[PDB]
DNA sequence: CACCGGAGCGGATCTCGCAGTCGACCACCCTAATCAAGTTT
DNA sequence: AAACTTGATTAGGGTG
């Protein structure tokens, strides 16, 4: 099916997501179709994330945002210090399977043993001024409607971590788009599709 | 489910889409929940079919792009000139190709041309001209035209007709291109139209409501005719209704039930 | 006339008339001419609610009551719904406690299974309600400004007071005369086939015997598909469920869709063969 | 009603649908709608068919949906192969065809047409179109079409506008069945295809799992793997291979694999 | 699936609220300040963000059986089951879960500054890195499970025919009386699935102890 | 061409108010403002 | 010596 997907790609030049999803080929193979197509590498406009700290009513919130699914995570934060962030990306590298990261150059992320925790855990960490309209619209609006839905939910709840969890529930889980796709729908699909190729990928590596 | 979906909303405060799809009530009911919920209306309007246009020049070829805002489904067609009338012809064709609930655009001439807005009125479409301000919109529209010129530049060598190449890009993006579970904008769109239509079918076919005025007896002495409000549960000779004042259900003697057709002034 | 209509409409908006005279004089179809006053405010407002209503035959041992003030005598009256055999007794006060005792008496006379009764406080009283509950009985509420749900007891207040006016001189006691009326209409009134209510209550107590109902379980069940014809063309068998009872040319069945008993003519039945 | 009813009387003079369609649009009385159509002098899956036809020396390409009855069409300069090639490139852009009917005309039976049906993967069928089921729909489509242009076109400066209007009358505004226009039936079929496909995709997996059983409540050790035959609520089905007898197994007593 | 069990556990005077999924074996754990109901309400709000629990087990402990905890489980639409923990099916899993949990904590806590980092480490080893069978992780088994819990699966099952049948059951081989007619709940090979309407329980009946019922014809 | 269905209107069925302004004083059940009787930090 | 809860005896709302 990968063959007919590259014939179809040289013809119509789809995304690797679209050839993956069209032909059921592993997404790695579809990426190899596109990235080898010179039409697509001449013409250019998973588990990949961004972080920025944010304060919501004198409460720092470490805000993880997955660049593809739009799927978010958060936890209340005592300080923007690096060691706390190392603990948060240990916990968070537990709660997810991150491939790669973007972020600003802020102190926690650029910090040496934080970077060495990205190498230890093995995540690709790109530190720099985020330049991309792709991420920054989504992350900006994420802080917008996050601080919104916090402002909606926090009166209801005793704890602030309870209401914070509330927002994460609404956006990760209750919220949907497309055909009734929450972000978590997108992610669980992408991982469970990663499993079956993943049983092949140990042979492909 | 509509009261329960609303209960889920005032708790959680979801999208209209999410409450709708979750509880399967009609989506305008979910919209109305969000809209009758002060919490979401305090902090933030587009239905499903909402389009935005921008003319786009590529290779000295004027192209009249349409961009649906929600699905991200798009149309475009090459153009001779940006005029009112040619644009009127294009959008007539388009509205044969499209059922669009509302439009946005900027203040460009054909948009702001008089008979074009009159033609939005002939066609009854909500037209909004003005500086398009929405980060939801402008990122989508901008990336849409960038990706448009991108894929034009890919495909036009492969085709005799630049028009069939443009059709090519619409195929790639609206059909072939996918996201999430395999969703192209076309399939998202067709789905949304489908469930929306079916919202009409649901609402029309099922419920024959009735409404009434009502009154009550004090030492037997009947009340004035009141509300009026809605038949909740019908029974022969008496019913269930809500007291708006007490927010409370009540059983009223038909004699004291002044019947009304449902739609009221609406 | 199709375009006479907005003027005729105006003439309702002006002169506010029936769908008919408007229909005819403007010479239109009448039905939207009714949709006028459907859509009128004015004429929509002040019309009356033509509504027939209904009373409940309801249940064996299902009951209905109201107290009486006959010649300044509180008389609380115990009156069946279905076959409408009755009882009553003179009372000194209407009160919930007193009432509760009265119903203990009368309840003990029978196995009365349920009730309709009005908003009178003694009917309504907390421990009264708890007493119905205590005994596993259904009170139901006669509602504001409907004696008519309380129909039969008021009816019988008529009948009775006529009979009182006969009998009471014949007795030492008003309440022996009360016994006399009670006697008569629960018995001596006999009609149709020349039967009292007492006949019918008691008969039906024999009729309502649980052991017989339990026993008929041994009789066979079959299920059956019913189905429905749209432009002549019958649906799938909808579903398949037991032939609750068969008649000649049709049966007893339930739609789970309505959860309600139903008929199917035996042509639109599938008979479903036995296990074997 | 009586606010809708005039407005539909206004709109039929524009759009000239069935009385049915307006009854089913606006929720008016049908018989009044019928009174308009009489009193309106003017009226007084993914399997398709193409025909050309001429309306006032304007060649037109006519697509017709063999099931929903939906139509695409556009004004045409000529019956050439190449023009129609770009037409149906655009049509395949706006539509997602499986299949097609047509006659043996040159632009169809022209090769690069058919090669482009292969490049696009449509199964092109030319031949003497034989079918009353099709050709009656074809027939009424043409007669009622040019009827309908002849209604609308004087309202319109540009003819492409009016033609688009005819398409709108038929596709969009006109209804059939329960109030179902052609586009209604059409879009329904479209969305039904994909969910057929998704359903098959979920039918593909056939998962297996470990399981165990209780003795006086005390557990058995894990057993299997064995296929997940049918899921229930709180439990599944599995074939016991030991007894060759299927087992209802609590989900908590399972490890899905 | 999404049937979870809790036991608070103390590791080195650190209360650890240990979620254990009864089926995948997936877990969550976090260091906890106290066994308080309120803190537990916060933790289960957080964790109901991190997962989509349908249902719950736990012991009868104070936080769990707490009133507004119960109202919270209702508020979130989770079924909370409180009990003397009496099952070896789930309690074998929970027992070994806590044992291996403290084991891996003792492995990882030297390797990390924070105990939340190291406890996170244990969840990584056990949910992610730990693998079984063909090499799927318990987290993969959870993802897997959740992924096939889709409603578009339900649509196709609605599209199918069901056929109905009588059924009987054997005692010492002696065939019982026929029963139903009922749903063929699933067609098998040599048998099918049926619920007993009497005991409200799914059951299998060999096709000889079945009589399938023909369609409306 | 026969059979079933949506829309239409004449006829048939059921409930009720016009009787001047309506309350005045009972009896029962349920709810509530106000006063009197204790402690407790 | 302020406040805090509960029992007792007449004034209003739904029903004969």
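We number chain E the same way Swiss-Prot does; the residues here are 1285-1501, in that order.
Quick check of the header: electron microscopy, 8.2 Å.
Cβ coordinates are placed from backbone N, Cα and C, and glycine is handled just like the others.
If you check Swiss-Prot, you get these features:
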DNA_BIND  E:1447-1499  DNA-binding region
BINDING   E:1291, E:1343, E:1379  Mg(2+) 3 binding site
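Everything Swiss-Prot records as a feature, shown here on the structure.
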residue: E:1291; record: Mg(2+) 3 binding site; DSSP class: strand
residue: E:1343; record: Mg(2+) 3 binding site; DSSP class: coil
residue: E:1379; record: Mg(2+) 3 binding site; DSSP class: helix
Within 10 Å of each Cβ, count the other Cβ atoms and name the one among the binding-site residues E:1291, E:1343, E:1379 with the highest count.
E:1291
Which are the residues of the chain, E:1291, E:1343, E:1379 excluded, whose CB is within 8 A of where the CB atoms of the Mg(2+) 3 site average out, their centroid?
E:1289, E:1290, E:1342, E:1369, E:1375, E:1378, E:1382
Could you give me the DSSP helix, strand and coil counts for the DNA-binding region (E:1447-1499)?
0 helix, 29 strand, 24 coil
